[PDB]
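Just the one chain here, the form deposited in one PDB entry, laid out as structure tokens.
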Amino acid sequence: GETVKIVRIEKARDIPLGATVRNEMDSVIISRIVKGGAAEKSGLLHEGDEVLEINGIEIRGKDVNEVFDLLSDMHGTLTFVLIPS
């Protein structure tokens, strides 16, 4: 029951993404969606989503702090490639 989805989210310049992530082996999984952030506002990211790509950058195989680092420099439109829980 897995289907790859492409979702595009707008992240205003004074609004954090507000999503937390965890590693399950090489997989990167969304843990919490925080109220007030761009993720929550968009309604397009879900707890349990496995993140494959963000703006073309491969995400599988990366650790939690690497991912947060990458996100911190991404503004404007963010295109996620993911597998829903």
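Just so we're on the same page, rigid core means the largest C-alpha set that superposes within 1.5 Å between forms. The first residue of the sequence shown is number 1, and the count goes up from there.
Absent from the display: the form solved in complex with a partner chain. The rest refers to it.
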I'd like to check something about residue 65: if you look in the deposited complex, is any of its heavy atoms closer than or equal to 4.5 Å to a heavy atom of its partner chain? yes
With the cut-off set at 4.5 Å between non-hydrogen atoms, does residue 52 touch its partner chain in the deposited complex? no
Heavy atoms within 4.5 Å of its partner chain in the deposited complex: does residue 31 have any? yes
Determine whether the C-alpha of residue 15 shifts by 2 Å or more between this form and the one not shown once the rigid core is superposed. yes
